[PDB]
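Undergrad: Need coordinates for the below:
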Amino acid sequence: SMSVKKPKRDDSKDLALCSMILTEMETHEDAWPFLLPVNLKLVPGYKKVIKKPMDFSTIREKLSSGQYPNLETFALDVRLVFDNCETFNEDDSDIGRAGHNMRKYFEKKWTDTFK
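TA: Residues are numbered from 1 along each chain as shown. The coordinates are given below.
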């Protein structure tokens with residue numbers, strides 16, 4: 001509350017560490033369904049069903065241009081990529097399995113880097 005603060009967590013390396021994690025996600029072999037925006041002209045149903053499209057390139061541009069106010073808003077967009085994937089793809093498909101694998105990979109890096 002006013003004039004009463006928890007001790008200050010050092011957040012000065014967060015930008016660089018989020019960038020490193022994003023690089024590791026970009027370079028994973030199962031990243032291919034997530035590197036670019038889904039083409040809304042060529043994939044029937046996507047536009048209407050997926051209210052907030054997200055992909056790694058869009059995350060990378062937001063990161064580089066100071067559009068993440070903190071590391072939680074960054075984690076929300078990453079998770080949004082996998083949540084969208086689960087909404088549109090069967091678990092037993094290549095893309096469905098890719099999503100589950102990438103989410104697991106992300107969550108471990110996140111915990112090891114920050115928790």
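
Undergrad: Name the nearest residue to the residue positioned nearest the centre of the chain, sequence neighbours excluded.
TA: For the chain, residue 78 is the residue whose C-alpha lies nearest the centre (Cα atoms, centre = their mean; 1.2 Å). Nearest residue to residue 78, sequence neighbours excluded (Cβ to Cβ, 6 or more residues apart in numbering): residue 106, at 5.7 Å. Every C-beta, even on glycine, is put in place using the N, C-alpha and C of the backbone.

Undergrad: try residue 37
TA: residue 55 (5.0 Å).

Undergrad: so the one you found makes contact with residue 32?
TA: No - look at residue 55 against residue 32 with Cβ atoms under 8 Å: they stay out of range, at 11.2 Å.

Undergrad: which residues of this protein fall in helices?
TA: Assigned by DSSP state H, the chain shows helices spanning 14-27, 46-49, 56-64, 71-88, 94-114.

Undergrad: JSON lines for these, including distance to residue 3?
TA: Formatted as JSON lines, these follow (distance: least, Cβ to Cβ, whole Å):
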{"stretch": "helix 14-27", "distance to residue 3": "26"}
{"stretch": "helix 46-49", "distance to residue 3": "48"}
{"stretch": "helix 56-64", "distance to residue 3": "34"}
{"stretch": "helix 71-88", "distance to residue 3": "25"}
{"stretch": "helix 94-114", "distance to residue 3": "28"}
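
Undergrad: Can you say which of the ones you listed is nearest to residue 37?
TA: helix 56-64 (6.4 Å; Cβ to Cβ).

Undergrad: Can you mark which positions in the closest one are buried?
TA: The neighbour-count check on helix 56-64 (16 or more other Cβ atoms under 10 Å) flags 56, 59-60, 63 as buried.

Undergrad: out of those residues, which one sits closest to residue 20?
TA: Of those, the one sitting nearest to residue 20 (Cβ to Cβ) turns out to be residue 63, at 11.0 Å.

Undergrad: correct me, but that closest one touches residue 18?
TA: Yes - under the criterion of Cβ under 8 Å, residue 63 makes contact with residue 18 at 6.4 Å.

Undergrad: Need the overlap of contacts for those two.
TA: residue 74 (Cβ atoms under 8 Å, 6 or more residues apart in numbering).
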